[PDB]
């Protein structure tokens, strides 16, 4: 019944979320300029129209012929300016979102829009313009600031959301101008991480010594943990702010090591030997996929490397949160 245009499709978290919603619709087109991401997307959705094309090459005309009524989009935060000068409009690394805001008034068929964005977008000049273009085009909307930890998922991933909708379609949802911090539906307390952890985990995921020098700023998780830090694209590149670290050892054991390592030179030789025996390891791409609520049928190609995997995973969406917003957007 619904024709979806999936912009900045990435590895296709939106597509995964549309399925989880139970809603009637097809993805008629997914648009992304990243060849690796596209390859991952094609692997899981061989059937889906995937276009290696710039968002700015997308015309109202071609969007109209596709007969899309629904847009799913997660535009990245990219610059418009570098050290005093405007970035070029055909440089692939400049923000493309302004183009969308422009062409909105001529997307006559588009009825439903869902966008994910970074925390802080809601305070941006772009956001103010974007909302302003919605009102102009007779769209009604709700903005959210949601974390998966409120949707019963043991992970932090604070993101901005906007569910925008044409006002001539009856929307039962009691919207409001102030930002919503949690959905009306209560999911209770996030489950532990045991459901999503494998026993036969390869030693390649063990945190390396150079990394173990930065042990002081690691956030550690255990099987009983009901939370974890936000995974980024820099997970396993740097030790810090990039995501949580896991161990099978009791948290009490972890504390003794930290104490014993405190009576040593930081990042030191003796400092590292103590942390080496904690068996700290990264989450596997599979685990991160389960953490981000992708389905088990969803798998990654073995032809792409670990570093590629984590970069792609760090840019993706939580499938569960979007599925819940899709339900709200279409009620």
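Residue numbers count along the first chain shown, from 1.
Should the higher mean CA B-factor in the entry be assigned to 84-92 or to 174-182? Per the PDB record, 84-92.
Using the B-factors recorded in the PDB entry, average over the C-alpha atoms of 9-17 and of 304-312, then report which stretch comes out higher. 304-312 has the higher mean C-alpha B-factor.
54, 297, 38, 49, ranked by C-alpha B-factor: the highest one: The record points to 49.
Which of 280, 262, 290, 68 ranks first by CA B-factor in the deposited coordinates: Out of 280, 262, 290, 68, the record gives the largest C-alpha B-factor to 262.
Mind checking which third residue 235 falls in for C-alpha B-factor across the chain? Within its chain, residue 235 is a highest-third residue by C-alpha B-factor, going by the deposited values.
Quick one: classify residue 197 as lowest, middle or highest third of the chain based on its Cα B-factor. According to the entry, residue 197 has a C-alpha B-factor in the chain's highest third.
Chain-relative CA temperature factor third for residue 136: For residue 136, the deposited C-alpha B-factor lands in the highest third.
For residue 119, return the chain-relative third of its C-alpha B-factor as stated in the PDB record: lowest, middle or highest. Within its chain, residue 119 is a lowest-third residue by C-alpha B-factor, going by the deposited values.
Residue 256: which third of its chain by C-alpha temperature factor? Highest third - that is where residue 256 ends up once the chain's C-alpha B-factors are sorted.
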